[PDB]
Amino acid sequence: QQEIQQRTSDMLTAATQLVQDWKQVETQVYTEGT
Amino acid sequence: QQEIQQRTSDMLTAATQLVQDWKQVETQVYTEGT
Amino acid sequence: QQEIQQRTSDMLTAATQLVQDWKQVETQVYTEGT
Amino acid sequence: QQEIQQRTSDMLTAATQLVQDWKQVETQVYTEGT
Amino acid sequence: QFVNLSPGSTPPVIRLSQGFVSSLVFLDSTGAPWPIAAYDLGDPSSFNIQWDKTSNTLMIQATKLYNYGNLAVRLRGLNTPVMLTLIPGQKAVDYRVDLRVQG
Amino acid sequence: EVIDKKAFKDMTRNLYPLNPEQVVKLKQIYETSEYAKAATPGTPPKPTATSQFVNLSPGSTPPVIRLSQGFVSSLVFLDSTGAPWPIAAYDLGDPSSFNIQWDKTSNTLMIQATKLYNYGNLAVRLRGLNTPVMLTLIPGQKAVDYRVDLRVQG
Amino acid sequence: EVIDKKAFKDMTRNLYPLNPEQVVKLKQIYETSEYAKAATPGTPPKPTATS
Amino acid sequence: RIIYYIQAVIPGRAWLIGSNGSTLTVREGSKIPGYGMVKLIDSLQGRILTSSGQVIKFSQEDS
Amino acid sequence: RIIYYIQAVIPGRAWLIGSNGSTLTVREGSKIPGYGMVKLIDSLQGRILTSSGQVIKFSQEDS
Amino acid sequence: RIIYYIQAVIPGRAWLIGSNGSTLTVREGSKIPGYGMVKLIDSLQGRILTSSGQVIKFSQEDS
């Protein structure tokens with residue numbers, strides 16, 4: 001039953017990227033024209 | 001049986017390539033004149 | 001009974017990380033304009 | 001019977017750490033605004 | 001909201017949302033826009049402000065999800081500072097808050 | 001040709017080890033985890049306002065100001081006529097616990113606490129005054145003063 | 001077919017070895033330890049103004 | 001009786017606003033007119049149920 | 001008799017605010033007018049013991 | 001009666017607009033005048049079922 005950890009290991013890093021995507025939020029912007 | 005692994009490997013190569021093609025979206029172009 | 005130390009190790013590193021965020025305190029900003 | 005000796009290790013660093021803080025006293029700043 | 005300056009009343013509470021801008025427009029009781037002199041903020045990492053220097057408007061971007069803060073503001077003719085509470089994660093988010101002050 | 005179907009189904013399996021419902025569950029429990037992380041035990045203090053009279057008697061007791069961590073509290077000083085009184089100078093005990101934003105002329109004092117239980121003292125000299133005013137600042141109460149207005153007998 | 005469920009719950013265990021209520025009581029012991037640390041022994045002195 | 005509505009729900013404190021235009025924030029155990037004594041404040045699901053059995057929630061639509 | 005709300009509470013010292021606006025800081029052992037003796041001061045839970053048995057607390061509206 | 005059509009559909013919330021010019025956003029748990037009680041809002045296909053089985057959708061020419 002080593003096959004459990006094989007699908008556990010890759011899904012550990014797989015979920016790590018999307019929460020790193022879910023970690024950040026970038027700033028609003030302001031623009032004046034004349 | 002190794003045909004499964006070979007087909008999966010080059011299939012993964014092609015699939016990753018085309019999803020890399022589908023991943024990006026470029027930016028609008030604006031042009032002025034007088 | 002060897003799983004205790006592997007249970008102990010990661011969450012203590014999770015503990016030491018989390019308290020560091022709870023020590024994070026930033027200053028203020030006095031915005032002045034005319 | 002080794003529980004004293006490890007507790008002799010950890011608490012020595014901790015007690016010296018907190019007693020550094022009580023000796024850590026920082027001075028005031030005078031502010032003049034005309 | 002009709003902002004009050006009672007010495008024991010509750011300060012007003014501003015609902016915040018993740019990333020979306022919340023706007024605040026400040027006028028007196030008669031309806032003329034009161035220009036803003038200056039302000040101070042608590043926890044600048046959670047809130048980003050594009051305060052144009054000659055308006056009665058404020059734009060806030062709540063960066064975090066659950067961290068709550070406070071604000072102090074003061075207007076051009078106003079002497080008393082105004083303190084506000086900033087609460088994120090509410091089920092009624094405000095794209096715009098009108099502030100009709102009692103001055 | 002069914003061997004190609006086997007390759008394709010294990011291809012999908014190894015392409016996405018995460019299910020969409022797994023994505024849903026992970027996002028839900030992650031938001032729950034960070035909410036519990038931000039959530040603090042104990043009751044939060046009540047946001048209050050005070051208007052209090054400063055007594056400058058040479059046998060009296062100095063006024064006390066309640067503070068909360070990180071939140072800037074505003075102090076405003078006014079004389080008996082209600083007009084604000086500008087400040088000549090000020091000095092704060094333990095500057096590492098509190099930071100003051102104060103423009104050179106106005107009387108408004110914006111104080112932000114940095115330490116949870118470290119308490120200090122404040123000495124202020126005014127324009128028309130000779131006798132300074134001494135106040136104490138205590139953090140960690142059950143009601144945070146957003147503003148303290150100080151009526152002075154002078 | 002339950003291999004995926006077991007891998008998912010194991011990944012949850014790996015991601016967080018702590019209960020959220022364990023996080024909350026960790027915040028409690030953190031605040032209480034800070035209160036004990038910054039607590040001062042003895043009677044604090046009385047603030048006085050004299051002439 | 002004037003109906004109050006919740007302004008903002010956090011753990012610990014509660015912000016409630018009625019039709020009179022006054023916002024009031026309270027702790028857990030306090031006496032409130034028309035609703036008796038508040039025993040429990042729920043940080044989830046947008047409702048507060050008092051010891052008098054009375055439930056104050058947010059608005060039906062202004063929420 | 002003049003009531004007192006707990007204004008500031010630390011271990012050791014205590015601060016009370018009177019009905020007329022009178023403020024007082026006190027130590028552990030003292031005779032309080034109209035209540036008797038300051039028996040025990042607890043920084044936790046905001047409870048002050050009295051020789052009469054009275055419990056000084058924070059206000060209901062200020063909490 | 002006024003016919004409504006779905007303008008925007010997301011998980012959780014939904015947006016609908018009538019012929020008169022009134023546009024609203026409804027969650028799952030709410031009521032609707034003239035149609036009753038929201039039984040189901042689906043985040044996909046733009047399908048909302050009301051209490052009387054009334055169907056809220058996109059328009060025929062606006063799809």
# chains A, B, ... in the order shown; residues from 1 in each chain; ligands from 1
$ calpha_fit_rmsd --fixed "chain B" --moving "chain D"
0.9 Å
$ select_by_dssp --residues "chain G" --states "alpha helix (DSSP H)" --output "VMD selection string"
chain G and resid 3 to 15 20 to 38
$ write_last_selection --atoms "N, CA and C atoms" --output "short mmCIF file (atom, residue, chain, number, x, y, z; two decimals), in the first residue's frame"
data_model
loop_
_atom_site.label_atom_id
_atom_site.label_comp_id
_atom_site.auth_asym_id
_atom_site.auth_seq_id
_atom_site.Cartn_x
_atom_site.Cartn_y
_atom_site.Cartn_z
N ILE G 3 -8.91 5.08 -2.66
CA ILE G 3 -7.51 5.49 -2.56
C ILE G 3 -7.39 7.00 -2.67
N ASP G 4 -8.21 7.60 -3.54
CA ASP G 4 -8.20 9.04 -3.73
C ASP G 4 -8.68 9.77 -2.48
N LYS G 5 -9.72 9.24 -1.83
CA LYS G 5 -10.21 9.82 -0.58
C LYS G 5 -9.16 9.74 0.51
N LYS G 6 -8.49 8.59 0.61
CA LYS G 6 -7.47 8.42 1.63
C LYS G 6 -6.27 9.34 1.38
N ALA G 7 -5.89 9.50 0.11
CA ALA G 7 -4.81 10.42 -0.22
C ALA G 7 -5.19 11.87 0.07
N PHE G 8 -6.45 12.24 -0.20
CA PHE G 8 -6.91 13.60 0.06
C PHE G 8 -6.93 13.91 1.55
N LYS G 9 -7.44 12.99 2.36
CA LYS G 9 -7.46 13.24 3.80
C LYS G 9 -6.06 13.22 4.39
N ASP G 10 -5.16 12.38 3.85
CA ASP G 10 -3.77 12.39 4.31
C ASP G 10 -3.09 13.70 3.96
N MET G 11 -3.38 14.24 2.78
CA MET G 11 -2.84 15.54 2.40
C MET G 11 -3.37 16.65 3.29
N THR G 12 -4.63 16.53 3.73
CA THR G 12 -5.17 17.47 4.70
C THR G 12 -4.41 17.39 6.03
N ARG G 13 -4.10 16.17 6.48
CA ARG G 13 -3.31 15.99 7.70
C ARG G 13 -1.92 16.59 7.55
N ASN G 14 -1.30 16.41 6.38
CA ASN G 14 0.03 16.96 6.15
C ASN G 14 0.00 18.48 6.10
N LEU G 15 -1.03 19.05 5.48
CA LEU G 15 -1.13 20.50 5.37
C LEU G 15 -1.34 21.13 6.74
N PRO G 20 -8.19 23.88 14.20
CA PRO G 20 -8.45 25.33 14.36
C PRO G 20 -8.70 25.75 15.80
N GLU G 21 -9.38 24.91 16.59
CA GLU G 21 -9.52 25.23 18.01
C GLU G 21 -8.20 25.09 18.74
N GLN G 22 -7.31 24.22 18.25
CA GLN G 22 -5.96 24.18 18.79
C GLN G 22 -5.19 25.45 18.45
N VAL G 23 -5.45 26.01 17.27
CA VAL G 23 -4.89 27.32 16.91
C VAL G 23 -5.41 28.39 17.85
N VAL G 24 -6.71 28.34 18.17
CA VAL G 24 -7.33 29.32 19.05
C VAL G 24 -6.77 29.23 20.46
N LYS G 25 -6.64 28.02 21.00
CA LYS G 25 -6.06 27.88 22.33
C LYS G 25 -4.56 28.16 22.33
N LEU G 26 -3.90 28.00 21.19
CA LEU G 26 -2.52 28.45 21.07
C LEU G 26 -2.43 29.96 21.14
N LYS G 27 -3.39 30.65 20.53
CA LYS G 27 -3.48 32.10 20.67
C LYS G 27 -3.75 32.49 22.11
N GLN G 28 -4.56 31.69 22.80
CA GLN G 28 -4.87 31.95 24.21
C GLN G 28 -3.63 31.81 25.08
N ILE G 29 -2.88 30.72 24.92
CA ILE G 29 -1.69 30.53 25.74
C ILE G 29 -0.61 31.54 25.34
N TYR G 30 -0.61 31.98 24.08
CA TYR G 30 0.32 33.01 23.64
C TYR G 30 0.02 34.35 24.31
N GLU G 31 -1.25 34.74 24.35
CA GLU G 31 -1.63 36.00 24.99
C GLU G 31 -1.44 35.93 26.50
N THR G 32 -1.73 34.77 27.10
CA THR G 32 -1.57 34.63 28.54
C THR G 32 -0.10 34.63 28.94
N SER G 33 0.75 33.99 28.13
CA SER G 33 2.19 34.03 28.37
C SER G 33 2.72 35.45 28.23
N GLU G 34 2.22 36.20 27.24
CA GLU G 34 2.63 37.59 27.09
C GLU G 34 2.19 38.43 28.27
N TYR G 35 0.98 38.17 28.78
CA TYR G 35 0.49 38.89 29.95
C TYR G 35 1.33 38.58 31.18
N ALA G 36 1.73 37.32 31.35
CA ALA G 36 2.59 36.96 32.46
C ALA G 36 3.98 37.56 32.30
N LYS G 37 4.47 37.64 31.06
CA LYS G 37 5.79 38.19 30.81
C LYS G 37 5.84 39.68 31.10
N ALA G 38 4.87 40.43 30.59
CA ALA G 38 4.86 41.87 30.79
C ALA G 38 4.21 42.27 32.11
#
$ residues_around --residues "residue I:56" --least-positions-apart "5" --cutoff "9 Å" --atoms "only C-alpha atoms" --output "list in words"
residues 4, 5, 6, 16, 46, 47, 48, 49 and 50 of chain I
$ write_last_selection --atoms "C-alpha atoms" --output "PDB file, in the first residue's frame"
ATOM      1  CA  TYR I   4     -17.634  53.806  40.945  1.00  0.00           C
ATOM      2  CA  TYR I   5     -17.056  52.116  37.610  1.00  0.00           C
ATOM      3  CA  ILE I   6     -13.757  50.391  36.958  1.00  0.00           C
ATOM      4  CA  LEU I  16     -12.301  54.075  39.650  1.00  0.00           C
ATOM      5  CA  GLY I  46     -12.445  42.834  36.559  1.00  0.00           C
ATOM      6  CA  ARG I  47     -13.632  41.860  40.040  1.00  0.00           C
ATOM      7  CA  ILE I  48     -12.804  43.775  43.221  1.00  0.00           C
ATOM      8  CA  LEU I  49     -13.540  42.263  46.614  1.00  0.00           C
ATOM      9  CA  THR I  50     -14.901  44.389  49.454  1.00  0.00           C
TER      10      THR I  50
END
$ interface_residues --of "chain F" --to "chain G" --cutoff "7 Å" --atoms "only C-alpha atoms" --output "ChimeraX atom specification"
/F:33,36-37,40-41,58-61,117-118
$ write_last_selection --atoms "C-alpha atoms" --output "mmCIF file, in the first residue's frame"
data_model
loop_
_atom_site.group_PDB
_atom_site.id
_atom_site.type_symbol
_atom_site.label_atom_id
_atom_site.label_comp_id
_atom_site.auth_asym_id
_atom_site.auth_seq_id
_atom_site.Cartn_x
_atom_site.Cartn_y
_atom_site.Cartn_z
ATOM 1 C CA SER F 33 -8.108 27.864 8.888
ATOM 2 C CA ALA F 36 -9.424 30.736 12.937
ATOM 3 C CA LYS F 37 -5.882 32.092 12.680
ATOM 4 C CA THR F 40 -8.639 36.041 18.753
ATOM 5 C CA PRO F 41 -9.865 34.604 22.071
ATOM 6 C CA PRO F 58 -0.854 70.568 42.709
ATOM 7 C CA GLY F 59 -2.325 67.846 44.904
ATOM 8 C CA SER F 60 -4.671 66.223 42.407
ATOM 9 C CA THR F 61 -4.423 63.023 40.347
ATOM 10 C CA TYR F 117 0.906 45.604 28.270
ATOM 11 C CA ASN F 118 3.685 48.207 28.311
#
$ residues_around --residues "residue A:26" --least-positions-apart "5" --cutoff "10 Å" --atoms "only C-alpha atoms" --output "PDB file with N, CA, C and O atoms, in the first residue's frame"
ATOM      1  N   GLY E  19     -10.367  43.307  -2.006  1.00  0.00           N
ATOM      2  CA  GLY E  19      -9.889  43.881  -3.246  1.00  0.00           C
ATOM      3  C   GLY E  19     -10.758  44.937  -3.887  1.00  0.00           C
ATOM      4  O   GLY E  19     -10.237  45.871  -4.498  1.00  0.00           O
ATOM      5  N   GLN E  61      -9.027  49.911  -0.351  1.00  0.00           N
ATOM      6  CA  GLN E  61      -8.899  48.546  -0.854  1.00  0.00           C
ATOM      7  C   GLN E  61      -8.502  47.645   0.305  1.00  0.00           C
ATOM      8  O   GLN E  61      -7.363  47.706   0.777  1.00  0.00           O
ATOM      9  N   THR E  63      -7.063  44.618   1.837  1.00  0.00           N
ATOM     10  CA  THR E  63      -6.145  43.615   1.310  1.00  0.00           C
ATOM     11  C   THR E  63      -6.358  42.253   1.955  1.00  0.00           C
ATOM     12  O   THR E  63      -6.338  41.229   1.267  1.00  0.00           O
TER      13      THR E  63
END
$ residues_around --residues "stretch 26-42 of chain I" --least-positions-apart "5" --cutoff "9 Å" --atoms "only C-alpha atoms" --output "PyMOL selection string"
(chain G and resi 43-46) or (chain I and resi 1-2+9-16+47-54)
$ residues_around --residues "stretch 74-85 of chain E" --least-positions-apart "5" --cutoff "8 Å" --atoms "only C-alpha atoms" --output "short mmCIF file (atom, residue, chain, number, x, y, z; two decimals) with N, CA and C atoms, in the first residue's frame"
data_model
loop_
_atom_site.label_atom_id
_atom_site.label_comp_id
_atom_site.auth_asym_id
_atom_site.auth_seq_id
_atom_site.Cartn_x
_atom_site.Cartn_y
_atom_site.Cartn_z
N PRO E 11 -19.04 55.04 17.20
CA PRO E 11 -18.47 55.45 15.92
C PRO E 11 -19.05 54.63 14.79
N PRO E 12 -19.15 55.20 13.59
CA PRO E 12 -19.66 54.43 12.45
C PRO E 12 -18.72 53.34 11.98
N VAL E 13 -19.33 52.33 11.37
CA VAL E 13 -18.68 51.08 10.97
C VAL E 13 -18.76 50.95 9.46
N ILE E 14 -17.63 50.61 8.83
CA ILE E 14 -17.53 50.54 7.38
C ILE E 14 -17.26 49.10 6.98
N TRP E 34 -17.74 68.72 1.89
CA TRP E 34 -16.73 69.27 2.78
C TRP E 34 -15.38 68.70 2.39
N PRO E 35 -14.44 69.54 1.93
CA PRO E 35 -13.12 69.03 1.53
C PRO E 35 -12.33 68.49 2.71
N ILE E 36 -11.51 67.49 2.41
CA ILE E 36 -10.78 66.75 3.43
C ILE E 36 -9.42 67.40 3.62
N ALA E 37 -9.04 67.64 4.87
CA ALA E 37 -7.71 68.19 5.14
C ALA E 37 -6.66 67.09 5.22
N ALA E 38 -6.79 66.18 6.19
CA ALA E 38 -5.81 65.12 6.33
C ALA E 38 -6.43 63.95 7.07
N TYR E 39 -5.64 62.88 7.20
CA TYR E 39 -6.12 61.65 7.82
C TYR E 39 -4.94 60.83 8.30
N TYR E 68 -9.27 43.72 11.04
CA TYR E 68 -10.10 44.91 11.14
C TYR E 68 -9.29 46.07 11.68
N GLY E 69 -9.65 47.27 11.23
CA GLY E 69 -8.85 48.44 11.55
C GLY E 69 -9.63 49.67 11.98
N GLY E 103 -21.74 68.93 11.26
CA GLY E 103 -21.15 70.25 11.18
C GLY E 103 -21.54 70.98 9.91
N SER F 74 -7.08 59.27 19.04
CA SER F 74 -6.96 60.71 18.82
C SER F 74 -7.18 61.46 20.12
N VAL F 76 -7.50 65.36 21.65
CA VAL F 76 -7.78 66.74 21.30
C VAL F 76 -7.90 67.53 22.59
N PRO F 84 -9.50 75.02 20.72
CA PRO F 84 -8.33 74.16 20.84
C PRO F 84 -7.09 74.94 21.26
N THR F 108 -3.85 68.18 17.53
CA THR F 108 -4.33 66.81 17.45
C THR F 108 -3.17 65.84 17.64
N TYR F 146 -11.52 55.83 21.15
CA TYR F 146 -11.21 56.39 19.84
C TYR F 146 -10.79 57.85 19.95
N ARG F 147 -11.51 58.64 20.74
CA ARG F 147 -11.13 60.03 20.93
C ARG F 147 -11.28 60.42 22.39
#
$ atom_distance --atom1 "atom CA of residue F:111" --atom2 "atom CA of residue H:22"
28.0 Å
$ select_by_dssp --residues "chain E" --states "strand (DSSP E)" --output "PyMOL selection string"
chain E and resi 2-3+13-16+21-27+36-41+47-49+57-62+69-75+82-88+96-101
$ write_last_selection --atoms "N, CA and C atoms" --output "tab-separated table (two decimals), in the first residue's frame"
chain	number	residue	atom	x	y	z
E	2	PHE	N	-25.80	59.64	8.59
E	2	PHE	CA	-25.67	60.95	9.23
E	2	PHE	C	-24.70	60.80	10.39
E	3	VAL	N	-23.47	61.28	10.19
E	3	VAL	CA	-22.43	61.17	11.20
E	3	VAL	C	-22.73	62.12	12.35
E	13	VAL	N	-19.33	52.33	11.37
E	13	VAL	CA	-18.68	51.08	10.97
E	13	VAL	C	-18.76	50.95	9.46
E	14	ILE	N	-17.63	50.61	8.83
E	14	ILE	CA	-17.53	50.54	7.38
E	14	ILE	C	-17.26	49.10	6.98
E	15	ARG	N	-18.14	48.55	6.15
E	15	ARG	CA	-18.00	47.19	5.66
E	15	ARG	C	-16.96	47.14	4.54
E	16	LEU	N	-16.11	46.12	4.57
E	16	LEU	CA	-15.02	46.00	3.62
E	16	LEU	C	-15.11	44.68	2.86
E	21	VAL	N	-12.96	48.18	-4.36
E	21	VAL	CA	-12.78	49.50	-3.78
E	21	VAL	C	-14.06	49.92	-3.08
E	22	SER	N	-13.91	50.48	-1.89
E	22	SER	CA	-15.00	51.12	-1.18
E	22	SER	C	-14.79	52.63	-1.22
E	23	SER	N	-15.83	53.36	-1.61
E	23	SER	CA	-15.76	54.80	-1.77
E	23	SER	C	-16.54	55.48	-0.66
E	24	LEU	N	-16.03	56.62	-0.21
E	24	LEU	CA	-16.65	57.40	0.85
E	24	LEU	C	-16.67	58.86	0.44
E	25	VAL	N	-17.85	59.46	0.47
E	25	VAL	CA	-18.04	60.84	0.03
E	25	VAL	C	-18.57	61.65	1.21
E	26	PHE	N	-17.91	62.77	1.51
E	26	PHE	CA	-18.13	63.51	2.74
E	26	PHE	C	-18.77	64.87	2.45
E	27	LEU	N	-19.91	65.13	3.09
E	27	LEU	CA	-20.60	66.41	2.99
E	27	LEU	C	-21.06	66.82	4.38
E	36	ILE	N	-11.51	67.49	2.41
E	36	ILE	CA	-10.78	66.75	3.43
E	36	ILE	C	-9.42	67.40	3.62
E	37	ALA	N	-9.04	67.64	4.87
E	37	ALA	CA	-7.71	68.19	5.14
E	37	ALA	C	-6.66	67.09	5.22
E	38	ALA	N	-6.79	66.18	6.19
E	38	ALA	CA	-5.81	65.12	6.33
E	38	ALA	C	-6.43	63.95	7.07
E	39	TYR	N	-5.64	62.88	7.20
E	39	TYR	CA	-6.12	61.65	7.82
E	39	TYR	C	-4.94	60.83	8.30
E	40	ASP	N	-5.26	59.83	9.12
E	40	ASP	CA	-4.31	58.82	9.56
E	40	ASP	C	-5.03	57.48	9.59
E	41	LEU	N	-4.25	56.41	9.46
E	41	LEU	CA	-4.77	55.07	9.26
E	41	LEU	C	-4.18	54.12	10.30
E	47	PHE	N	-5.08	48.22	4.02
E	47	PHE	CA	-5.90	49.22	3.36
E	47	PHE	C	-5.03	50.14	2.52
E	48	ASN	N	-5.36	50.26	1.25
E	48	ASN	CA	-4.67	51.14	0.33
E	48	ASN	C	-5.59	52.30	-0.03
E	49	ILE	N	-5.06	53.51	0.06
E	49	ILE	CA	-5.85	54.73	-0.08
E	49	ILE	C	-5.29	55.55	-1.23
E	57	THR	N	-13.47	62.84	-1.06
E	57	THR	CA	-13.66	61.44	-1.40
E	57	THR	C	-12.51	60.60	-0.88
E	58	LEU	N	-12.81	59.34	-0.59
E	58	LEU	CA	-11.82	58.38	-0.11
E	58	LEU	C	-12.06	57.02	-0.73
E	59	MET	N	-10.98	56.38	-1.18
E	59	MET	CA	-11.04	55.08	-1.81
E	59	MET	C	-10.20	54.10	-1.01
E	60	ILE	N	-10.80	52.97	-0.62
E	60	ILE	CA	-10.15	51.98	0.23
E	60	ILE	C	-10.13	50.64	-0.49
E	61	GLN	N	-9.03	49.91	-0.35
E	61	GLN	CA	-8.90	48.55	-0.85
E	61	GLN	C	-8.50	47.65	0.31
E	62	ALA	N	-9.42	46.80	0.76
E	62	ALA	CA	-9.13	45.90	1.86
E	62	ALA	C	-8.29	44.73	1.34
E	69	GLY	N	-9.65	47.27	11.23
E	69	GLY	CA	-8.85	48.44	11.55
E	69	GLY	C	-9.63	49.67	11.98
E	70	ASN	N	-8.93	50.80	12.09
E	70	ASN	CA	-9.57	52.06	12.42
E	70	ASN	C	-8.97	53.17	11.58
E	71	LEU	N	-9.74	54.24	11.45
E	71	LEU	CA	-9.34	55.39	10.65
E	71	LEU	C	-9.62	56.66	11.43
E	72	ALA	N	-8.78	57.66	11.23
E	72	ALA	CA	-9.05	59.00	11.71
E	72	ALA	C	-8.95	59.95	10.53
E	73	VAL	N	-9.90	60.88	10.43
E	73	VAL	CA	-9.94	61.84	9.34
E	73	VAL	C	-10.26	63.21	9.92
E	74	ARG	N	-9.92	64.25	9.17
E	74	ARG	CA	-10.27	65.61	9.56
E	74	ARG	C	-10.34	66.48	8.31
E	75	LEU	N	-11.31	67.39	8.32
E	75	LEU	CA	-11.69	68.19	7.17
E	75	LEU	C	-11.09	69.59	7.28
E	82	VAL	N	-12.39	62.79	13.35
E	82	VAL	CA	-13.44	61.81	13.17
E	82	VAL	C	-12.80	60.43	13.16
E	83	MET	N	-13.30	59.53	14.00
E	83	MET	CA	-12.77	58.18	14.09
E	83	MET	C	-13.80	57.20	13.55
E	84	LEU	N	-13.34	56.22	12.79
E	84	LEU	CA	-14.19	55.27	12.09
E	84	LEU	C	-13.66	53.87	12.30
E	85	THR	N	-14.56	52.89	12.33
E	85	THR	CA	-14.17	51.49	12.42
E	85	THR	C	-14.28	50.84	11.05
E	86	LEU	N	-13.34	49.95	10.74
E	86	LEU	CA	-13.26	49.32	9.43
E	86	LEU	C	-13.31	47.81	9.63
E	87	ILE	N	-14.41	47.18	9.23
E	87	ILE	CA	-14.65	45.77	9.49
E	87	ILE	C	-14.75	45.03	8.16
E	88	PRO	N	-13.91	44.03	7.92
E	88	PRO	CA	-13.99	43.27	6.68
E	88	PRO	C	-14.97	42.11	6.79
E	96	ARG	N	-20.35	52.47	-1.97
E	96	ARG	CA	-20.34	53.91	-1.72
E	96	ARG	C	-21.02	54.17	-0.39
E	97	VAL	N	-20.38	54.99	0.45
E	97	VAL	CA	-20.97	55.45	1.70
E	97	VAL	C	-20.99	56.97	1.67
E	98	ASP	N	-22.18	57.54	1.85
E	98	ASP	CA	-22.34	58.97	2.02
E	98	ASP	C	-22.22	59.31	3.50
E	99	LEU	N	-21.46	60.35	3.80
E	99	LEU	CA	-21.21	60.77	5.18
E	99	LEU	C	-21.71	62.19	5.32
E	100	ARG	N	-22.91	62.33	5.88
E	100	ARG	CA	-23.50	63.64	6.12
E	100	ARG	C	-23.18	64.03	7.55
E	101	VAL	N	-22.21	64.91	7.72
E	101	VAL	CA	-21.75	65.25	9.06
E	101	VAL	C	-22.69	66.29	9.68
$ interface_residues --of "chain C" --to "chain F" --cutoff "8 Å" --atoms "only C-alpha atoms" --output "mmCIF file with N, CA and C atoms, in the first residue's frame"
data_model
loop_
_atom_site.group_PDB
_atom_site.id
_atom_site.type_symbol
_atom_site.label_atom_id
_atom_site.label_comp_id
_atom_site.auth_asym_id
_atom_site.auth_seq_id
_atom_site.Cartn_x
_atom_site.Cartn_y
_atom_site.Cartn_z
ATOM 1 N N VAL C 25 3.577 43.784 13.959
ATOM 2 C CA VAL C 25 2.817 45.006 14.181
ATOM 3 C C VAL C 25 3.493 46.128 13.408
ATOM 4 N N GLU C 26 2.725 46.829 12.584
ATOM 5 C CA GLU C 26 3.265 47.894 11.759
ATOM 6 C C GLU C 26 2.812 49.245 12.285
ATOM 7 N N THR C 27 3.499 50.286 11.827
ATOM 8 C CA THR C 27 3.251 51.647 12.280
ATOM 9 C C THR C 27 2.056 52.237 11.539
ATOM 10 N N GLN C 28 1.894 53.545 11.640
ATOM 11 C CA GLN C 28 0.822 54.262 10.977
ATOM 12 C C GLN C 28 1.405 55.221 9.950
ATOM 13 N N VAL C 29 0.517 55.921 9.254
ATOM 14 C CA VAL C 29 0.910 56.871 8.223
ATOM 15 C C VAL C 29 0.050 58.121 8.353
ATOM 16 N N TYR C 30 0.701 59.272 8.478
ATOM 17 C CA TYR C 30 0.016 60.559 8.502
ATOM 18 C C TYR C 30 0.089 61.142 7.100
#
$ residues_around --residues "residue F:53" --least-positions-apart "5" --cutoff "10 Å" --atoms "only C-alpha atoms" --output "short mmCIF file (atom, residue, chain, number, x, y, z; two decimals) with C-alpha atoms, in the first residue's frame"
data_model
loop_
_atom_site.label_atom_id
_atom_site.label_comp_id
_atom_site.auth_asym_id
_atom_site.auth_seq_id
_atom_site.Cartn_x
_atom_site.Cartn_y
_atom_site.Cartn_z
CA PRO F 63 -5.62 61.58 34.03
CA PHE F 77 -7.16 69.49 23.87
CA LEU F 78 -9.50 72.44 24.39
CA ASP F 79 -9.58 75.31 26.86
CA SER F 80 -12.53 76.45 29.01
CA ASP F 149 -11.33 65.49 24.33
CA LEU F 150 -9.67 67.33 27.20
CA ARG F 151 -11.39 70.34 28.72
CA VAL F 152 -8.85 72.52 30.54
CA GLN F 153 -9.65 75.06 33.25
CA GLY I 21 -16.64 62.65 37.84
#
